[PDB]
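Visitor: Chains from the complex, first installment, not repositioned:
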Amino acid sequence: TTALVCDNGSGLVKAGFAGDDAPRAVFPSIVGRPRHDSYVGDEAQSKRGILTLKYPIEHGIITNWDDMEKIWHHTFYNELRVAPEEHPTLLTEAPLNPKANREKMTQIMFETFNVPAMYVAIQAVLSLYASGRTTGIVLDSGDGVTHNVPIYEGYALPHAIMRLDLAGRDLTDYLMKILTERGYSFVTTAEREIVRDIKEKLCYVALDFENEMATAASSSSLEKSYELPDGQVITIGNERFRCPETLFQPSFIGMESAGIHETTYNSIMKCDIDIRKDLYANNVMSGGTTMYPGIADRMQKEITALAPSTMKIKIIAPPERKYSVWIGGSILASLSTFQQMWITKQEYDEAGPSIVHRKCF
């Protein structure tokens, strides 16, 4: 009688029962095995010394099915302590998940997990119903990828979704490399995890990258100190923003592509002139990486400089945009009319994978 909501992402797996204000279980989307029968989640973490951690979900898409099965096995039985052949499951996916991909996912749930019924929703679309809209422009910047999904009354326009392969994780590797030069150690997978913390605690986006990269020399009351688990301390400079900035200047990491602000545009324009007014009016921030302070107003500015002088622009960055996707998953699956949207195990048996394709949401 109680459905499940499992938002598996390149970095974190967000699980929980529908109708709950937040994901109950939240663990790393990793899977370890003897460095040469297989550990997973927060457990695998504590055995890094003798393991070889692999993220199954790569850039939002599933690339290692054998390990995903284990993540889901662990997600049901260990993390949630529940019976899969007893609960309707809602799984999220990434914009443009290749048909084949999704077809597989559906099969595994039935064939190998016996889900009574299930459904697959688009991460992006969900964050939107979580913000409270059916039409808009979503920005999903997490660990794996960063997408911009434009949605007209519930339907995301595939012809205009932009995929920026830089995100949260990538930002850490950069935060690292800019701390080796300002004199400091850091370089192993284990250490990588501490950068991720500084990156999550200090770093912030700035309005004027230059009127802030100048204050660097002058004052100094713009930075702070970080007490690492080693007891040793560190002082951080311009890095506090020369890091998230990348999101806007994918040059510091080489990359190539346009900044998140630009693509957010380069997408809106790939849409039909009619909806545009609403798409600029409803810009939704979603995903962990969209947490750096100032990223809100920064975007705000940076794009109104692309947009027509005659057009309202509203950036929406909800406080819980960290678990945004999950929430909408929860909400949606608790909705009355969704009931008839699930895909029964029976319907599966007769029709097969494919059926999981036409949805509506």
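Guide: Perfect, I can see it now. Numbering: from 1, shown residues only, chains lettered A, B, ... in the order given.
Visitor: any chance you could map the strands in the stretch 101-250 of chain A?
Guide: Ranges of strands in the stretch 101-250 of chain A, per DSSP state E, counting those that start in this stretch, are A:117-122, A:136-141, A:146-152, A:155-156, A:162-164, A:225-227, A:233-235.
Visitor: which residues sit against the last one?
Guide: Meaning strand A:233-235. Residues outside strand A:233-235 that contact it (C-beta atoms under 8 Å, 6 or more residues apart in numbering) are A:184, A:198, A:223, A:225-228. Backbone N, C-alpha and C define where each C-beta goes, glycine included.
Visitor: Can you pick out the most distant pair from those?
Guide: Farthest pair in the contacts of strand A:233-235 (C-beta to C-beta) is A:223 and A:228. Separation: 15.8 Å.
Visitor: To what extent is residue A:361 buried, counted in neighbours?
Guide: By other C-beta atoms under 10 Å, 17 other residues sit near residue A:361.
Visitor: Relative to residue A:45, how far out is the spatially closest residue to residue A:270 that is not a sequence neighbour?
Guide: Spatial nearest neighbour of residue A:270, chain neighbours left out: residue A:160 (3.9 Å); criterion: C-beta to C-beta, 6 or more residues apart in numbering. In this view, residue A:160 and residue A:45 are 39 Å apart by C-beta to C-beta, to the nearest Å.
Visitor: Settle it for me: which of those two has more neighbours?
Guide: Between residue A:160 and residue A:45, residue A:160 has the larger neighbour count (other C-beta under 10 Å), namely 19 against 16.
Visitor: State the distance from that one to residue A:361.
Guide: The spacing between residue A:160 and residue A:361, counted by C-beta to C-beta, is 18 Å.
Visitor: Now rank the contacts of strand A:233-235 by neighbours and give me the top one.
Guide: Neighbour counts for the contacts of strand A:233-235 peak at residue A:198, which has 21 neighbours (criterion: other C-beta under 10 Å).
Visitor: so where do the helices sit in the stretch 151-300 of chain A?
Guide: Here the stretch 151-300 of chain A has its helices, by DSSP state H, counting those that start in this stretch, at A:168-180, A:189-201, A:239-242, A:260-268, A:273-281, A:295-304.
Visitor: same deal with the stretch 1-150 of chain A?
Guide: Along the stretch 1-150 of chain A, the segments classed as helices by DSSP H, counting those that start in this stretch run A:42-45, A:65-73, A:99-107, A:123-131.
Visitor: circling back to that earlier point, want to throw the strands of the stretch 101-250 of chain A into CSV with distance to residue A:313?
Guide: Listed next are the strands of the stretch 101-250 of chain A as CSV, based on distance: least, C-beta to C-beta, whole Å:
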stretch, distance to residue A:313
strand A:117-122, 24
strand A:136-141, 11
strand A:146-152, 15
strand A:155-156, 21
strand A:162-164, 18
strand A:225-227, 35
strand A:233-235, 37
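Visitor: Of all the helices of the stretch 1-150 of chain A, which one is nearest residue A:344?
Guide: For residue A:344, the closest of the helices of the stretch 1-150 of chain A is helix A:99-107, at 12.0 Å, according to C-beta to C-beta.
Visitor: and that closest one, what other elements does it pack with?
Guide: Helices and strands touching helix A:99-107, as assessed by 3 or more C-beta pairs under 8 Å, 6 or more residues apart in numbering; DSSP states H and E, comprise strand A:61-62, strand A:89-93, strand A:117-122.
Visitor: will you turn those into CSV that also has mean neighbour count and distance to residue A:151?
Guide: Formatted as CSV, the helices and strands packed on helix A:99-107 follow (neighbours: other C-beta atoms under 10 Å; distance: least, C-beta to C-beta, whole Å):
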stretch, mean neighbour count, distance to residue A:151
strand A:61-62, 19, 20
strand A:89-93, 23, 15
strand A:117-122, 22, 9
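Visitor: following sequence is chain B, place it on the structure:
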Amino acid sequence: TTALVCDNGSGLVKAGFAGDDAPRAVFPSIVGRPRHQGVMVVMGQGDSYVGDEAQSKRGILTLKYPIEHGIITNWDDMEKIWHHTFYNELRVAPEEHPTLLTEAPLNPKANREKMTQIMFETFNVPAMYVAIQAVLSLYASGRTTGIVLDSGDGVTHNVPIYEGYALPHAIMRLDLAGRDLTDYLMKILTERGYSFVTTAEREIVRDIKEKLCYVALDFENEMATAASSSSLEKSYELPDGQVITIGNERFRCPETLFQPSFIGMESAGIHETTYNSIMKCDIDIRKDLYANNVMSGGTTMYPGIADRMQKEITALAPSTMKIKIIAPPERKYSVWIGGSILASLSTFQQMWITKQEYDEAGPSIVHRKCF
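Guide: That brings us to chain B, laid onto the chains above:
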């Protein structure tokens, strides 16, 4: 490239091209099969006739309707109809156009499947979609929430739709429609000393029905005026050349939509069922339902029937509530129009159930629509 919108009804088939304000083709849903001939010899099988082709030689051929009360009971004859609809009426190649098919509220899934299976197998349509008549009659009136009244020739469904979705449990199906009303006006005419009984005579009473008949507000306030004055009718010149006049009978006929007692039935009246529906719904929305009532169907074409409802229900529902009766002038084809609109829209491209899909999934796929 251009979608086909075919509305299959108990008595008439409305088929046309998307984007048109009216169905190009409208023929009767029947098939003629030269009397008896249920033995060997006289070989050749005599073949069958469909549509207008039929009638015009009916004398020596028995007619059967494939759609009974809105549901398809004879696939064989139906196929034929569809064939005729594409090649002989619309004059097109079913393999080149996507088709939108209408169904009756609560159409048996088995059917929908058979229906979808036949369209893809015996016709090779590039893609199709099945819509619920009522819903379309609603989309065409310009709403996504309200209660629709579909009184056609073989059925009078009463469907409550909210935001584009029909509410199953809250649907009333009244096995009483136009065809019935005809048989009746035909009975009370031999009560005023007359004839008419051959299937060919039925067709004229139907003409007499659609021409004079009307629905008076208060029944026993007009019936009186019947015995009093006489300025309540007129006369009609049939082929016979002769002439007939019908007092009382003009309204005493459609009054069955309200007083099913008149022919037995024993089912509450259309005005009643309409209530019993709004009731079975969720109290939170009954408000939005009473203001969005929609008349749709050939039988909803009587003059005055509009206001007879305005009255007949206000009397049954909470005084504290504005009621609205929306009876568009086209309700005669409304079902189609809605579908025509539908088929001709961007957001719909997704909705079509392409063959490629049917090819890998089968009938079972024509169930996930959400409109």
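Visitor: The neighbour count of residue A:361 again please, chain B included this time.
Guide: 18 (other C-beta atoms under 10 Å in any protein chain shown).
Visitor: got it, and residue A:329?
Guide: 30.
Visitor: any idea which helix or strand comes after whichever strand or helix holds it?
Guide: Assigned by DSSP states H and E, residue A:329 belongs to helix A:324-334. Next along the chain after helix A:324-334, taking DSSP H and E as the criterion, comes strand A:343-344.
Visitor: Determine the three-state secondary structure at the single nearest residue of chain A relative to chain B.
Guide: Residue nearest to chain B within chain A: residue A:360 (3.8 Å; C-beta to the nearest C-beta). The assignment at residue A:360 comes out as coil when based on DSSP: H, G, I helix; E, B strand; the rest coil.
Visitor: Now for it: which residues touch it?
Guide: With contacts defined as C-beta atoms under 8 Å, 6 or more residues apart in numbering or on different chains, residue A:360 is in contact with A:154, A:341, B:368, B:370.
Visitor: Check residue A:307 too.
Guide: Contacts here follow C-beta under 8 Å, 6+ apart; on that basis residue A:307 touches A:265, A:280, A:313.
Visitor: how about the residue most central in space within chain A, what does it touch?
Guide: In chain A, the centroid-proximal residue (C-alpha atoms, centre = their mean) is residue A:142; its distance is 3.3 Å. By C-beta under 8 Å, 6+ apart, the contact list for residue A:142 reads A:9-12, A:60, A:167-168, A:287-289.
Visitor: ok, and of those residues, which contact chain B?
Guide: Taking C-beta under 8 Å from any C-beta of the partner chain as the test, chain B is in contact with none of the contacts of residue A:142.
Visitor: Same list (these) but as TSV, adding neighbour count.
Guide: As requested, the contacts of residue A:142 are arranged in TSV below (neighbours: other C-beta atoms under 10 Å in any protein chain shown):
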residue	neighbour count
A:9	24
A:10	22
A:11	19
A:12	23
A:60	25
A:167	26
A:168	26
A:287	27
A:288	20
A:289	28
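Visitor: Residues of chain A that sit close to chain B?
Guide: So far as C-beta under 8 Å from any C-beta goes, chain A lies against chain B at A:152-153, A:155, A:337, A:341, A:347, A:350-352, A:354-355, A:357-360.
Visitor: Quick check: residue A:256 touching residue A:263?
Guide: No: using C-beta atoms under 8 Å, residue A:256 is not in contact with residue A:263; the gap is 11.9 Å.
Visitor: Could you check which of those two has the larger neighbour count?
Guide: residue A:263 (19 against 9).
Visitor: What about the closest residue to the more buried one other than its chain neighbours, how many residues nearby?
Guide: Of all residues not flanking residue A:263 in the chain, residue A:162 sits nearest, at 4.4 Å (C-beta to C-beta, 6 or more residues apart in numbering or on different chains). Neighbours of residue A:162 under the rule other C-beta under 10 Å: 22.
Visitor: Dig out what residue A:162 forms beta bridges with.
Guide: Legend: beta-bridge partners of residue A:162 under DSSP bridges are residue A:148.
Visitor: so it touches residue A:267, yeah?
Guide: Yes: Residue A:162 is in contact with residue A:267 according to C-beta under 8 Å; the separation is 4.5 Å.
Visitor: between the two, what contacts are shared?
Guide: Common neighbours of residue A:162 and residue A:267, using C-beta under 8 Å, 6+ apart, are residue A:148.
Visitor: just checking, residue A:62 touches residue A:105?
Guide: Yes: counting by C-beta under 8 Å, residue A:105 is a contact partner of residue A:62 at 6.9 Å.
Visitor: how far off helix A:123-131 does the helix holding residue A:329 point, in degrees?
Guide: With axes from the mean of the first three to the mean of the last three C-alpha atoms, to 10 degrees as the basis, helix A:324-334 and helix A:123-131 are set at 70 degrees to each other.
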